[PDB]
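Peer 1: First the structure, which I've put down as structure tokens, then a few questions once you've had a look.
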Amino acid sequence: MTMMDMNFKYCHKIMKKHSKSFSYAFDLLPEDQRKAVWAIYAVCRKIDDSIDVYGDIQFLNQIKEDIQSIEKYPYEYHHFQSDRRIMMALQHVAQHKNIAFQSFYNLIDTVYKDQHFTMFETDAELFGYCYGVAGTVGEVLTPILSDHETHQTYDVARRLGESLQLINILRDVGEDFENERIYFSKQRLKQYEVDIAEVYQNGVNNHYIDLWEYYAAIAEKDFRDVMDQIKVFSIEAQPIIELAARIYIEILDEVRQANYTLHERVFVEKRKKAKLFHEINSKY
Numbered sequence: 001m002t003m004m005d006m007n008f009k010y011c012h013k014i015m016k017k018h019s020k021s022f023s024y025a026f027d028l029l030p031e032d033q034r035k036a037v038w039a040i041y042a043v044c045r046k047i048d049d050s051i052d053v054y055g056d057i058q059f060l061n062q063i064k065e066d067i068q069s070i071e072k073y074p075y076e077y078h079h080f081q082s083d084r085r086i087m088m089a090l091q092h093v094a095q096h097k098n099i100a101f102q103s104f105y106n107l108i109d110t111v112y113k114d115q116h117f118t119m120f121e122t123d124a125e126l127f128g129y130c131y132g133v134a135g136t137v138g139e140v141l142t143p144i145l146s147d148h149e150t151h152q153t154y155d156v157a158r159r160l161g162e163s164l165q166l167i168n169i170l171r172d173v174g175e176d177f178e179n180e181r182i183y184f185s186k187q188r189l190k191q192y193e194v195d196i197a198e199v200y201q202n203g204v205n206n207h208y209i210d211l212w213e214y215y216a217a218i219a220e221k222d223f224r225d226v227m228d229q230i231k232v233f234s235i236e237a238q239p240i241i242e243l244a245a246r247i248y249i250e251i252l253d254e255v256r257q258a259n260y261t262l263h264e265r266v267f268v269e270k271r272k273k274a275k276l277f278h279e280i281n282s283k284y
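Going left to right, the sequence shown walks through residues 1 to 284 as the deposited numbering numbers them.
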């Protein structure tokens with residue numbers, strides 16, 4: 001193992017610890033593409049968890065400076081201020097692939113803002129948030145999962161990312177509430193007459209279910225539109241991205257089967273992930 005393999009192995013460990021679904025699917029990419037995905041992912045993860053290190057933007061400002069050093073001088077040695085293992089790996093990827101740095105900056109700006117969180121007044125603000133924390137991630141992965149990126153490739157990756165975030169929001173309603181976060185928009189909560197604290201306390205009901213299903217239908221429609229444009233991606237990545245998306249979509253059925261419970265995190269068993277892989281690998 002060289003020092004660089006060690007950096008990537010660490011990025012892998014962070015990815016697999018935070019998301020078994022994404023690890024499951026993306027670890028199936030050819031070696032050079034999955035290593036790049038591990039590093040990009042670990043960077044995004046570090047950004048998402050930065051504020052809780054001291055309870056300051058300290059660590060986040062450092063990650064940002066680190067990324068900026070890479071963008072400005074990709075072939076210079078840098079003494080990284082945040083997580084060296086991860087930044088050495090991202091710099092390594094950046095020397096071989098085109099990275100959309102502005103997308104990492106958008107993600108960083110979204111996390112900064114999240115320190116002064118206030119509920120979304122409208123669905124447009126919620127979707128803006130989905131772009132920021134996850135559409136951005138699809139953007140940064142785009143050059144890795146495609147032969148020749150076009151605006152379409154980014155469009156699709158972005159849409160997929162936003163759909164997956166909406167699916168996460170839908171799986172995590174109860175846990176997010178405990179952390180004082182509600183992502184459904186005030187517009188929509190009022191329309192459907194839903195009060196999340198009331199539901200967390202008294203259980204689901206038809207209003208809540210209807211509102212939850214209104215968002216799930218948005219996620220599902222966006223998923224199919226992405227599936228119909230799966231070809232923008234390289235041949236080896238197509239089936240992997242399909243598995244990633246299916247494994248994540250399945251979370252919706254899991255939530256339903258648990259009666260939209262707001263008191264536990266549902267999941268797609270590892271055995272079901274292998275079943276979906278069987279299905280997908282059958283058409284590829």
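Note that the Cβ used here is the ideal one computed from N, Cα and C, for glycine as well.
Over what stretch of residues does the alpha helix (DSSP H) that includes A100 continue unbroken?
Peer 2: Run containing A100: none; DSSP gives neither H nor E here.
Peer 1: Mind reading off the beta-carbon distance from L107 to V156? Whole number of angstroms is fine, and I expect it under 8 Å.
Peer 2: With a Cβ gap of about 18 Å, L107 and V156 do not count as contacting.
Peer 1: Using only alpha-carbon positions, find the residue among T150, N281, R171, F277 that is nearest to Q257.
Peer 2: Considering only alpha carbons, the answer is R171.
Peer 1: Pick out whichever of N179, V173, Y24 has its Cα sitting closest to the Cα of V194.
Peer 2: For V194, the nearest C-alpha among the options comes from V173.
Peer 1: Just how far apart, CA to CA, sit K16 and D49?
Peer 2: 15 Å
Peer 1: What is the residue span of the alpha helix (DSSP H) that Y129 lies within?
Peer 2: 123-130
Peer 1: Determine the burial state of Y77: buried for a count of at least 16 other Cβ atoms within 10 Å of its Cβ, exposed for fewer.
Peer 2: The residue in question, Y77, is exposed, as its Cβ has fewer than 16 Cβ neighbours within 10 Å.
Peer 1: Distance, Cα to Cα, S163 vs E125?
Peer 2: 15 Å
Peer 1: Out of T261, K20, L160, which one is the CA nearest neighbour of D228?
Peer 2: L160
Peer 1: Quick check on the burial criterion: 16 or more other C-beta atoms within 10 angstroms. Buried or exposed for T142?
Peer 2: Counting of Cβ neighbours within 10 angstroms places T142 among the buried residues, the total reaching 16 or more.
Peer 1: Give the range of the alpha helix (DSSP H) segment to which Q229 is assigned.
Peer 2: Careful: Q229 lies outside any alpha helix (DSSP H) and carries neither H nor E.
Peer 1: For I235 and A36, I'd like the C-alpha separation in whole angstroms.
Peer 2: 17 Å
Peer 1: I'd like to know if the stretch 63-70 and the stretch 1-14 are in contact, where contact means that at least 3 CB-CB pairs between them fall below 8 Å.
Peer 2: no
Peer 1: Taking DSSP as the reference, what is the three-state secondary structure of residue 287?
Peer 2: Within the shown structure, residues of the chain are numbered from 1 to 284, placing residue 287 beyond reach of any answer.
Peer 1: Quick check for students: name the residue ranges of the alpha helix (DSSP H) that lie wholly in the stretch 153-222, counting only runs of 4 or more.
Peer 2: 173-178, 186-191, 196-202
Peer 1: If you count every other CB in all the chains shown that lies within 10 Å of the CB of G135, and 16 or more means buried, which is it?
Peer 2: buried
Peer 1: Would you give the residue range spanned by the alpha helix (DSSP H) that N281 belongs to?
Peer 2: 270-283
Peer 1: Quick check: what's the CA-CA separation for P74 versus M4?
Peer 2: Between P74 and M4, the alpha-carbon positions lie close to 16 Å from each other.
Peer 1: Under three-state DSSP, which class holds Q81?
Peer 2: coil
Peer 1: Is the beta carbon of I240 closer than 8 Å to that of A42?
Peer 2: no
Peer 1: On the DSSP letters alone, give me the boundaries of the alpha helix (DSSP H) that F8 sits inside.
Peer 2: 3-18
Peer 1: Where does the unbroken alpha helix (DSSP H) through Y248 begin, and where does it stop?
Peer 2: 238-257
Peer 1: Within the chosen definition, does the stretch 216-231 reach the stretch 198-208 through at least 3 CB pairs nearer than 8 Å?
Peer 2: Judged by Cβ distances under 8 Å, the stretch 216-231 makes no contact with the stretch 198-208, as fewer than three pairs qualify.
Peer 1: If we ignore side chains and look at the alpha-carbon of each, how far apart do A39 and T122 end up?
Peer 2: 34 Å
Peer 1: Within 10 angstroms of its Cβ, does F59 collect 16 or more other Cβ (buried), or is it exposed?
Peer 2: Residue environment: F59 is assigned as buried (16 or more neighbouring CB atoms within 10 Å of its CB, all protein chains considered).
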